[PDB]
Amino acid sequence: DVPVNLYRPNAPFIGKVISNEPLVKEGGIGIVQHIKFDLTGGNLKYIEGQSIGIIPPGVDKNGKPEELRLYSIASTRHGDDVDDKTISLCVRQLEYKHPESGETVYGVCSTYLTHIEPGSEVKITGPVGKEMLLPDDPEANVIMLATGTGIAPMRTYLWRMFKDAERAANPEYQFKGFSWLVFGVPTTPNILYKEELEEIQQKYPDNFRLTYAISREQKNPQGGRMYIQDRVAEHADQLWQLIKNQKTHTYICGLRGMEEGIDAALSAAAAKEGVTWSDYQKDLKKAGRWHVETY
């Protein structure tokens, strides 16, 4: 059922950029772009929670051709226009320090993508990944813990769950469970897809909860900047109580570093009922109900 590797690096699909739109609003940090590609003329199909590869042009410093980078798919299987014709990505421009020689260093594939023009041809591979798949059970609870571009798979889940046009297109999936996104970014301008996330929460107050951790605007109880692990600690008992349900799935996505504090929070919660979280979690992973993708 799951589409996998319909296109591979040795013979990628050549798609065309339809649009490239900014997601970070004025006064935010960095550049994150929503990029939609045309899939017509090929047979690339995919589902929610999967990734694709992009092969950027050029050679590396050693003269060798650049190889693919993976990006989490940001659209449902139907694409943003629910026409089964496109696929979208949520790409942050990588840039960084002077202890990497030069001045500011700009990531190759992410700079290429964030600056790409509509009409341009792009080498696409995939789809890949079976670890971040959403349950078909419309009564499942879904916890989503995201930072930055880790919002991408969460967008594919929530759009499938909650968009009117998705609901009309997916007779078999009429979501009635409970989902909770805890989303960590540095500023309110940096809240990717803010308007649509808040619209969903307003329409579906009983089925969707939205919690932000905004580091430049909020302090945790210790006086430090607010991060996602702080919000998970604050809501550790609530989150553990949901995780106890046989039908609950949890998804963690974003740059690596989030897991240690999330585990410590849930470990203190579970310990109150005589449960060792690390062992309970191993069983959840084995059951396919604890999903992690960090990078």
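Note that residue numbering follows the sequence shown and begins at 1.
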Revision key, fill the gap. Entry B factor averaged over C-alpha atoms, 35-43 against 48-56: higher for 35-43
Review point. Do the C-alpha atoms of 71-79 or of 133-141 have the higher average B factor in the entry?
Key: 133-141
Practice item. Among the candidates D84, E103, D164, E217, give the one with the maximum CA B-factor reported in the record. Key: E103
Practice item. Name the residue from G107, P153, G223, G148 with the greatest C-alpha temperature factor listed in the entry. Key: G223
Check your understanding: Lowest, middle or highest third: where is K123 by Cα B-factor in its chain?
Key -> middle
Review point. When the modelled residues of the chain are sorted by Cα temperature factor, does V2 land in the lowest, middle or highest third?
Key: highest
Point to revise | Third of the chain's Cα B-factor distribution that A233 belongs to, per the entry | key: middle
Review point. Thinking about Cα B factors across the chain, which third does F183 belong to?
Key: lowest
Exercise for review: Could you tell me which third, lowest, middle or highest, the C-alpha B-factor of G254 occupies within its chain?
Suggested key: lowest
